[PDB]
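Just one chain follows, in the form deposited in one PDB entry, and it is written as structure tokens.
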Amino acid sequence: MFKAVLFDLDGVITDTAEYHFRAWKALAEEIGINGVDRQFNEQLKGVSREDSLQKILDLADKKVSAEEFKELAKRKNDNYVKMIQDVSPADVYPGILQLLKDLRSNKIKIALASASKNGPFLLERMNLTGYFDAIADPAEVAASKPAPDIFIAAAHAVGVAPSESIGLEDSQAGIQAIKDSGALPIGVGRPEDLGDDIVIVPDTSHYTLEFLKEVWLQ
């Protein structure tokens, strides 16, 4: 049986992927880049703050100075951080709280594998920190998704092999990272975005311990 579940945060535990989208779009438009729509934003889900900014700049073949790049990343984060101050336990997605409880009862380890430096703050907002056996710190993991490093680190932090872990993700980059870590991915979202070659569920109510067992058995 699987021995750990490795959680992305944004778009898996709560609806903060939507907040990142809105904040990146606002930044892009301030600098005259209008191509950050929902479709393009699929390329920003799960990706580090700077790699995200650079994708936006490349989208438009725009070059800014090193000083401006730093200011832009900070500008978007400062906005995003204001946007999430009122997140609360009521914003936890359906199924997630009960899944965490059920995993702990069954002695299955729980680790965070989020790109976000805002992860710990959000878990505190949602009264979820106590469910987590570890948080892989993305500042300590240089390689962003789609590299597997953050999932490998999350598994290591709870003493479980990636091959005996499930990863939960809402993003293209993160699904690839899970695959390359050896863990088993279960995506949440639309097949048109996330593919048809792994298990994809349409919303997080589907993330029950019963279903994770169903998938693990196959």
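We call the rigid core the largest set of C-alpha positions that still match within 1.5 Å between the two forms. Note that residue numbering follows the sequence shown and begins at 1.
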If you average the CA temperature factors as listed in the entry, which stretch comes out higher, 109-117 or 136-144? 136-144
Mean C-alpha B-factor higher for 171-179, or for 58-66? 58-66
Looking at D197, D203, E210, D15, which has the highest Cα B-factor in the entry? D197
Relative C-alpha B-factor of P185, binned into the chain's lowest, middle or highest third: middle
Among the modelled residues of this chain, does the Cα B factor of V215 put it in the lowest, middle or highest third? middle
Report the third (lowest, middle or highest) to which the CA temperature factor of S52 belongs, ranking only the modelled residues of the same chain. middle
Sorting by Cα B-factor within the chain, modelled residues only, which third would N34 end up in: lowest, middle or highest? highest
Lowest, middle or highest third: where is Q43 by C-alpha B factor in its chain? middle
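Omitted here: the form deposited in another entry. The next part is about that form.
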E140: with the rigid core matched between the shown form and the other one, does its Cα shift 2 Å or more? no
Aligned on the rigid core, do the two forms place the Cα of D203 2 Å or more apart, comparing between the shown form and the other one? no
